[PDB]
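Worksheet for the structure shown next.
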Amino acid sequence: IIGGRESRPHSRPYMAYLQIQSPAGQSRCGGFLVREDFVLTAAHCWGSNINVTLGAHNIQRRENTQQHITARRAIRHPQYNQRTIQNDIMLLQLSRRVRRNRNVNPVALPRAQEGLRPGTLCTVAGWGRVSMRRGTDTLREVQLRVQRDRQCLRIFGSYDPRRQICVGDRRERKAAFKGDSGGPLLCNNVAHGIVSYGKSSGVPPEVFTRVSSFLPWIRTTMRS
Ligand SMILES: CN(C(=O)c1cc2ccccc2cc1C(=O)[C@@H](c1cccc2ccccc12)P(=O)(O)O)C1CCN(C(=O)c2ccc3ccccc3c2)CC1
């Protein structure tokens, strides 16, 4: 998170920290609990081995509030295209159900096809980098304004306004960044987006996956 603030501890109990590929420090991503047995995140974060940490604030400490679970299944969206980064969404079925409590619980999702008006203020959270040189051990968050789709349609090649969201006013140094991938974009406290990608500089507008266009698939995949 660039230009944000440290989050009040445990104020976003749905936050999940992902470590992809056993090797400690091999790859980091964010995600969010949607049910006691499922975590939603980005498909470009896929790996053969994913360790999930729920209930954390400082992910570099084995906190009493944490619950550690491995991804039993890492289900990439069937039409995920890593080259164009389209359909960047993935469901992680946890090896075991979390014990739901004040520090670990699901987040509300948008209804099917729910959109977002440009100018709306949303919040994204994560343990990603705060700059090219600095990262963070603790959860941070920042408020960003939804942008008109035309901006991302000009900047990013394959953008689809139905399946993606254009976020971040270029006039402010605030945005989700490297390591925040997979994390949620909360608009009116509902998880409308998943951090997908943006410029390597971190200067917005940036692209989020629009959760509301994938409800049928999410439903089906979870209706196991
Ligand atoms: C150097 N970068 C970044 O520092 C970066 C910037 C971001 C800016 C805003 C929001 C999220 C961001 C995530 C990252 C990453 O490095 C991700 C990461 C690692 C490896 C492969 C990935 C494949 C798809 C999505 C995330 C990926 P990571 O977070 O998973 O580690 C990323 C910039 C975006 N990328 C592009 O090809 C890309 C595509 C079209 C573009 C069009 C215009 C300008 C830049 C463009 C850059 C990938 C690497």
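Naming scheme: A, B, ... for chains in displayed order of the structure tokens; residues 1 onward per chain; ligands 1 onward as shown.
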
message: At a cut-off of 9 Å, using only C-alpha atoms, what residues contact segment 108-117 of chain A? Leave out same-chain residues fewer than 3 positions from it and give the result as number ranges by chain.
response: A: 34, 120, 146-148, 162, 165, 187, 189-192, 210-216

Identify, counting only C-alpha atoms and all ligand atoms, the protein, DNA and RNA residues located within 8 Å of ligand 1, and give them as a PyMOL selection string.
chain A and resi 27-29+44-45+82-85+128+132+155-157+175-182+195-204+206-208

In terms of only C-alpha atoms, the residue from A:26, A:79, A:221, A:7 at minimal distance from residue 49 of chain A is A:26

*Near segment 88-101 of chain A, within 8 Å and counting only C-alpha atoms, which residues show up once chain neighbours fewer than 5 positions away are dropped, as a count of residues only?*
29

Find the residues around residue 139 of chain A up to 10 Å (only C-alpha atoms counted), leave out those fewer than 3 positions away in its own chain, and share them as a ChimeraX atom specification. /A:1,5-12,15,17,56-59,125-128,136

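Proximity of A:107, A:167, A:2, A:18 to residue 35 of chain A, computed with only C-alpha atoms, is greatest for A:107.
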